[PDB]
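First up is the structure itself, then whatever we jot down about it.
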Amino acid sequence: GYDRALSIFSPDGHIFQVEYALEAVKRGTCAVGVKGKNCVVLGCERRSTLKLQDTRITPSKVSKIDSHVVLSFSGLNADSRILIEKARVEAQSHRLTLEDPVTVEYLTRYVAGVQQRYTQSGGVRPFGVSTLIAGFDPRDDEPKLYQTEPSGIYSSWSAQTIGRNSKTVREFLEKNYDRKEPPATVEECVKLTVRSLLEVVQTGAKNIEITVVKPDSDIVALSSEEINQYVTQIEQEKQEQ
Amino acid sequence: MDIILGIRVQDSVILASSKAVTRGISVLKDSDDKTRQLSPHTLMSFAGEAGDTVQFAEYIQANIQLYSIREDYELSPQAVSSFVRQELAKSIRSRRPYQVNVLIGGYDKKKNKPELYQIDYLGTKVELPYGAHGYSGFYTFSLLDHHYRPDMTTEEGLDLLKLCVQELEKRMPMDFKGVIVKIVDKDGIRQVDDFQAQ
Amino acid sequence: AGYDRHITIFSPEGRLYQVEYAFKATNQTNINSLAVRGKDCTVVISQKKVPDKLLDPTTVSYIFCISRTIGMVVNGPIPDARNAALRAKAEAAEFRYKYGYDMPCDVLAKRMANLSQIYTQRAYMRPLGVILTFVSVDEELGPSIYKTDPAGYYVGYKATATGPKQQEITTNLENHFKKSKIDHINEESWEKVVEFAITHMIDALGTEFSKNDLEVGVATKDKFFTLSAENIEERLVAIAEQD
Amino acid sequence: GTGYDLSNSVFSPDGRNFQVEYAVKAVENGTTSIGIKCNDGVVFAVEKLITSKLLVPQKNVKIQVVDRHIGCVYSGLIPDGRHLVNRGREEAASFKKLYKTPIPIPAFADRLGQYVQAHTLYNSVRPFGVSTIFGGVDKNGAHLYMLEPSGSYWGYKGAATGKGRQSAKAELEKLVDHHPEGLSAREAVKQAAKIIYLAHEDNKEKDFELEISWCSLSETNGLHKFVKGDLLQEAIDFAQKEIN
Amino acid sequence: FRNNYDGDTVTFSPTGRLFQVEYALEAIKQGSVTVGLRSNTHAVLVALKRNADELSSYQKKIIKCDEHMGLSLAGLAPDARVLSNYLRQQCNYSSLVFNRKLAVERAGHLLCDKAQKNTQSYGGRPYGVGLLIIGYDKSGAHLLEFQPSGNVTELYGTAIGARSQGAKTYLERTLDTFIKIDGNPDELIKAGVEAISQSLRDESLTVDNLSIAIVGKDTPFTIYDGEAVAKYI
Amino acid sequence: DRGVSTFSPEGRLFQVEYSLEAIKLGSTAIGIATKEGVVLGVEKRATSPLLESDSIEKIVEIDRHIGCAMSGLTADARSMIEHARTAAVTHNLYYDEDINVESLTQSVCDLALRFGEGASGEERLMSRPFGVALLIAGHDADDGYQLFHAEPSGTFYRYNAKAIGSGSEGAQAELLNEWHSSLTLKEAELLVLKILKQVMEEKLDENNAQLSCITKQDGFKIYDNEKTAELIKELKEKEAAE
Amino acid sequence: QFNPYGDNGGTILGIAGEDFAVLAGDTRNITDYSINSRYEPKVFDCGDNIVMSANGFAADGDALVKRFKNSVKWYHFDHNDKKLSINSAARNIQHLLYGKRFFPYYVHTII
Amino acid sequence: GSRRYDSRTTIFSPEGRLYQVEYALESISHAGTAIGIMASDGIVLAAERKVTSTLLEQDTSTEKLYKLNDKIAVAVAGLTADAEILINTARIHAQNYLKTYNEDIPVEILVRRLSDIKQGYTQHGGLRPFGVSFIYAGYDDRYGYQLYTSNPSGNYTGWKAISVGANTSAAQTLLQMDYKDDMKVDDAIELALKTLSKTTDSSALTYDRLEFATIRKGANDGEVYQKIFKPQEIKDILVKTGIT
Amino acid sequence: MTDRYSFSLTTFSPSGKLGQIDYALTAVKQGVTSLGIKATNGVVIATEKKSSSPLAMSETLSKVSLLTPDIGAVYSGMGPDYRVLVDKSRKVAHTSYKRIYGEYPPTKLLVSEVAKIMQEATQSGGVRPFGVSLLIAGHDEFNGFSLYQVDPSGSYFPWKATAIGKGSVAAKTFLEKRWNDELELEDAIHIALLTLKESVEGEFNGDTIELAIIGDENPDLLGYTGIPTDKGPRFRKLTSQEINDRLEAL
């Protein structure tokens, strides 16, 4: 019954509630995504405002919408759950009617649309979330990496980051990602990811989680050690100079 | 009706389902697979009203897959059947009820035991060593009641089924064009592509 | 902040200004009324003020006939009064239909009080700027006087008065009863009860009344009717031959 | 504090409802219109300002009929007036449908009363920007009424509203005094034509067009009809004569 | 003052005004001019179509509602669409149900009542367009003027929009003259074009800038544009 | 606050005006109509070298004879295009024919003013106006090739050429002089390509700009990068040619 | 029980010539064995050079023809007086008819 | 209209924060402290009853520890009444899951659902958020002993030990200082009491001002048991742990 | 028309306060004092019948109402709000309980119900919290006698004895001094009367004091006989007379 227009235009042509939704994203933990030649990797930093958590159960930052597509985000966690749910359902529905799992683009386009809707509907505020959706189209080996924002806009990237200090890490990636020769290995793709997060996480073996997505529903998340190893080999690259 | 047989041996569940799909006077297809896989270790066969049969199967499959994704976990066979019984039990008092009968066979990886569930369109669920929907039971139960043994091996089970299918091919008026057999065990679901002469 | 005075929400002192202001509105007509109980009847007296000469005096009233038995007089702006009256009549009819017997005066009062209480809590409904005095000779309670306000409050009385000079009318009546030591006008005829009502009305307001300055309603066993200018004149004449 | 006059259903500290009062202003600012109750019916008349020679004379009718025996005329925001009559029409149609007998003037008045009063209860609506004079003949007499934006209304002997309401009232009062036995429909028609002419002095700047209608048990059979042609001219003249 | 009383239509100013409505009325004056006039056999609508760039088209100002009725707009194009459409349905309805053409006078009442609804309820906004409706019905030719305030008047001729006053005076003058242009459409249109040019100032009515519509005795409301109105410039 | 469908003293709708201000911030888009077809061109304008430029879709197909370009808050345009495509398709299903470009446009604009918090007139459930303008171009047997500009105001205009976005007032000025009733499709192309280059903050290349056209023969097609790349070269040459 | 349908008999014919076409129908309208009228036109001109006839149950026939003509009218209102081609008319009528798929216009129609 | 009095409980601050959520959290911060510590052989829920009187009936009371399931219990910090509304829908949810799957609802599943409900009041409805924070203590055959925490924003997380309400900062530090993975229920029970004992704004920590509950799997059985300590049972454990 | 007030009228302030609830309480604090005492075999609730005029009939105004034959309630705050709450309470007792289990709800649950009603008026769109506080006393087979307090927030708690309204602070103190876990019903009634006396300015008698008890079953107040299991209501309102007799032993 409540339909007050909360997202409206201002004299300068801006929609402050959407702009503010973005401010919530800036505050969320960083998130990064880089696509290799045969994979895509998603990295996210873990806050430390309070540490004494039970990592096993505490909701993880990377989510699977289906067995071949994942979605990470930056912003209000509660808000992200709602988007993830809708995405997962649309995923199953699409398979049920088209008899073929969703493409990464399609699934992205869906989530983005949901967001855009919340920017011009009464009684509701926009999602304080931005997302990275990665995966492989069915029967396709070419990696896919997409990003969305509260405004509802979306586009694909070779590598991208969102969240606090995404400014910094984007730079790193802008001057460390050659489209000419993208990380041709799961290893070198994951390394580049960790390197970018280190630019902002400030030594956080437990503050960095990587998930690697390969063709044909081959998704797996690394453990502290696996990651810790990448960090170690990277701090040496520095000292060895 | 179509044949839907099910038998739970020592370490798995076997589902035999006829391949014929008759519409009126002509047998439109003799290679029908009256089954859907709800999860890596849970299989559901079904028989009934023309359109409802598959619609219901695919509807249940979709929901189970969604649950699996959401919780990154595979519901126990029991859970899945209770969900299915509830669905049918709703459908019975609805405007147009799903006239579908199902057999759910799965391997409970937590209990490390195979389970076979029989549920009719009324939402009548019961768990058995072996079950069947329609007239199929009338011809085969006397055989199963006789030769069934809890410790049977997957090979013994298939032999017993083969026997059942033969009695069915002998005393039943309709040509159901043979059956497709599938095994559900600790390692998942696979199809015995050689029962046309096993 | 300052809007806690435009809608029915609590002020920091825990008040509801809108209800208070509504109470103010009730005096806007500048008319006083009072009710008293006879031995077997109930009378309501109200001032009748017709300023415009172009008005049709016969269509100017604040005394209504809710049901064959309930009589209601209103203190406040006519539109709200007529609104209240209509609702009251509707409620009275329905109650009979649904329960098989005439809605008791006190019940209709409670019902109206409750409806008003709602405007007190819900923010889209404004209170009605009126005070309703219901009367009748209930078949279980006998002569009855029940009045409600914009606050949703209500109670029964031995007699009561409402209006700008309500306080004088009240203390006047208060005194007469401390004297008589009973809770009603020990009279057998309503004509006399009416005369008493009009008399004590005059003493309290300190004013003389013609037959077009008053409006009178009378409730008796199975009936509630209002007197005519002439039925009034008769009353006025009788009191006269006594002073 | 303040701001009590911005929301419609709000009570100011002195128990008033400014929006309603502001509505009245719209009424006062409007044209003048009147109602005269005669011995067996009623007469309605209204001032129609002729903004220019372009207005098709006689064509922009303002008086409205409800059912077949009620006449309505108002001053203020014309559209609000029609809106109210529309309601009054449905209101009457329902009544006749259920009770068979056409709606009694008093009953009809309350219907409009309740409806208008209704628009002073919530802040989600605006009060009616008009005062309406209406009436007709029924089962027991002729009745004349006037309804304010507050929803308030009473029965009148004569009634007027709009720019020149004071003049009218004055004139109407004279009539009341000088005819204790009762005016006739025929008379009321002319008398009304005059009073409109007089009251037009508070608007003498603009030229106008007169409009009269009446409901007389003997002159119109209880049915509301417009005074046209001869009977009309006769009244215009009767006025134009006493305007000098 | 005003500022506290013009946030919505549901509010009256202390003097009894409805600014939101008055503001709407303003949108009309800002709109291009258009004129209407009738005789005893025909009714004409002359309109000046405005254009954005010299690359843009000149927006249509005349809409046909039925075979015997039409109108010209001045203000928010969309609203004219909404309203003219609602007028089309009302005509259609009258014909389908009663096999009766809708009386121009009646069409006016409906338009008024539709506009009034947006001036007494919270949430809405008044229509921001002026309309001139002409039509030939069972009582001859007609010309109506519609204001978002809900006020609809019947005139012999008129105009609305910017500088509209020019033509309005001209017509008020040429009254006795055109009101008698019966049986000769060409003359009424010319008398119409002459009234509209009385409100020009920027340019001069060109071929793809002038728009004329006519209806009458033996003439189903028809619209003339471009080349078709050449013989009138 | 104040209603979302309120009028300013100058008789304008606030939410709509403010809407146009956001459009001004949007990427430049240009349309040129010619008796040989209509050309639509847009400034991709990616916000980072890491953003794959071809995932920027600001020119879409509504039907085989209708295509359109957007400018401003592009996400707002998705539903507008869905509605447009559905209208075209639906029209075809009912009438066994192509929908007129003008009609299609009118249909889209109909959504425009359907906003508010409870405007009495139907059920306009949409908290705010669209923050994007559109250039709808197409062809139909009744009015040949056409270019339309649909604004969030609900009104739409037909142009021989039109430019919306950040470089509009400038580009439009250009078009004003450059346009003539006898242009050819190639001229139009180069022309769009040129004006885009003038107003674009970036150095126009086949990656931050995109062309497209619609012709009675082959309908609506978007020029792939290679096709445009050359058209850019051809322009560099004709410009250095004097 | 009430039967919503009836049969007014009559017969119509439609022949297409290379550059012309005709749609004929008798003018008799009956009920059972009685004649309701010896002259009640059954074929109509609907504008845009289209002639249509919905033979069968009169009430349903008129409703359709009425509804179609009104469809033509609105076609013009919605597409700048564009002419409704015969093929378009037909497809339009298919929808008009299929719209009452579960309570059919008891009529056989030709245009 | 109404818009005037609309607080807009669901908008972002220019900093991208949710006013009401933040404020509600502030509300929570003044509520009696509640603690949840998870041991290898069970979970402990401890809460400090805010405000008390001699006459307050403590045997019939339960203002902070509520049972949701036979395997799930929550500790409340904030509006008791709001909490109950949520607690009830929580309880129904558990039962639905049971009826649908014939298996008890996995802890996280229940927690998430309840959290989403809260999140809702955050993005739409124009209603005020629930001023409640929960500590969920429960067990399921997939993750066993789990400890969750949810606040007005609709966010939830898992912990080994955590507190909600007043002086959470102090409490969290004290717990983070003496918590060890290999802890045992009896160890937690103690740690809990100690922490509260050092954060309380009251004189001493008496049994009358505490609510205690444990979720163990009594070895002599093989199933999960919830034990909400009785006044007497708290008075005991309070003396034993040496706080008398 | 149509309530367009779909948003909450009670919201969190930066300090974390919920204004409307706070103010509601303030309104309660102005209300005439009322109290409740729990004895070992019964409970007693009482308040002052503040006749707002001698012409008014204070009887025709019960501040002490029966909710079910074993539960009574009394308040302090706004009478009109209380009245509707009582109606709602009496009904919810049926609709959400008697009509399901065939027996009246136990004190704690009915209280929970009432509390819910109030809580919603603290959050639902377009309304204000109730401006009252209630003290409900009842008795159910499995919980015995109990006394609860319900505040505008929707919060409730069980008491051995307590008071609310005007002079609750003083009354509460006086009660703590005289309450013990061995009181017989009469004792509490006695203590109630005393405690109330301090809060009363003028006349203090069975006509200015309203008092009810929840004790033994009154078969004489059942209205019928023949069903052994039905022994009568435990809720009994004291008569003007019954109060005075006890006032003499004051």
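Protein chains in written order, with the deposited numbering: chain Q, 7 to 62, 62A, 63 to 143, 14A, 144, 14B, 145 to 180, 18A to 18D, 182 to 203, 206 to 243; chain X, -1, 1 to 90, 90A to 90B, 91 to 105, 10A to 10C, 106 to 181, 183 to 193; chain U, 6 to 34, 34A, 35 to 143, 14A, 144 to 179, 17A to 17E, 18A to 18D, 184, 18G to 18H, 18M, 186 to 218, 220 to 240; chain T, 5 to 180, 18A to 18F, 184 to 199, 201 to 206, 20B to 20C, 207 to 218, 21A to 21C, 219 to 241; chain S, 4 to 60, 63 to 180, 18A to 18F, 183 to 204, 206 to 207, 2B to 2E, 210 to 233; chain R, 9 to 123, 12A to 12G, 125 to 144, 14A, 145 to 180, 18C to 18E, 184 to 202, 205 to 209, 20A to 20B, 210 to 233, 235 to 244; chain Z, -9 to -1, 1 to 70, 70A, 71 to 101; chain P, 4 to 63, 63A, 64 to 144, 14A, 145 to 200, 202 to 204, 20A to 20B, 205 to 216, 21A to 21B, 217 to 218, 21C to 21D, 219, 21E, 220 to 239; chain O, 4 to 102, 10A, 103 to 147, 14A, 148 to 200, 202 to 209, 20A, 210 to 217, 21A to 21B, 21D to 21P, 218 to 236.
Heads up, the beta-carbon is just placed ideally off N, CA and C, and yes, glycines get one too.
Which chain P residues are close to residue i, counting only those with a beta carbon under 9 angstroms from its beta carbon?
i	result
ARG7 (chain O)	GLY4, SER5, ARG6
Check the Cβ of residue i against every Cβ in chain S and list those closer than 8 angstroms, keeping chain order.
i	result
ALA162 (chain R)	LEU58
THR55 (chain R)	Ordered by position in chain S, no residue passes the 8 angstroms Cβ test against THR55 (chain R), which lies about 31 angstroms from the chain.
Report the three-state DSSP secondary structure of residue i (helix, strand or coil).
i	result
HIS95 (chain P)	helix
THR158 (chain P)	strand
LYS53 (chain P)	coil
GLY168 (chain T)	coil
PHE141 (chain Q)	strand
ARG7 (chain X)	strand
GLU152 (chain R)	coil
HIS91 (chain R)	helix
Closer than 7 angstroms by beta-carbon distance: list the chain U residues that pair up with residue i, in chain order.
i	result
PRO61 (chain T)	In chain order: nothing, as chain U lies at least about 31 angstroms away.
Anything in chain S within Cβ reach of residue i, meaning under 7 angstroms, just list it in chain order.
i	result
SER56 (chain T)	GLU177
Determine, using beta carbons only, whether residue i and residue j come nearer to each other than 8 angstroms.
i	j	result
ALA27 (chain Q)	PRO153 (chain Q)	yes
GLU177 (chain T)	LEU199 (chain T)	no
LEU233 (chain U)	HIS196 (chain U)	no
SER129 (chain R)	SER126 (chain Q)	yes
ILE59 (chain X)	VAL20 (chain X)	no
At 8 angstroms on the CB atoms, spell out the chain P contacts of residue i, in chain order.
i	result
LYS32 (chain Q)	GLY19
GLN60 (chain X)	Here the premise fails: no neighbours, minimum Cβ distance about 17 angstroms.
>> Whether or not the segment 159 to 169 of chain O and the segment 40 to 52 of chain O are in contact is what I'm after, with contact meaning three or more pairs of Cβ atoms, one per stretch, closer than 8 angstroms; do they touch?
In response: yes
>> Contact between the segment 4 to 15 of chain X and the segment 109 to 121 of chain X is defined here as three or more beta-carbon pairs at a separation below 8 angstroms; is this criterion met?
In response: yes
> Using a Cβ cut-off of 9 angstroms, which residues of the segment 124 to 136 of chain T contact any Cβ in chain U, in chain order?
Replying inline: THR124, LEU125, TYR126, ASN127, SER128
> Do the segment 56 to 75 of chain U and the segment 162 to 170 of chain U meet, that is, are 3 or more Cβ pairs less than 8 angstroms apart?
Replying inline: Because the criterion of three Cβ pairs below 8 angstroms is not met, the segment 56 to 75 of chain U and the segment 162 to 170 of chain U do not touch.
> Is there contact between the segment 114 to 130 of chain P and the segment 76 to 88 of chain Q, where contact requires at least three CB pairs shorter than 8 angstroms?
Replying inline: yes
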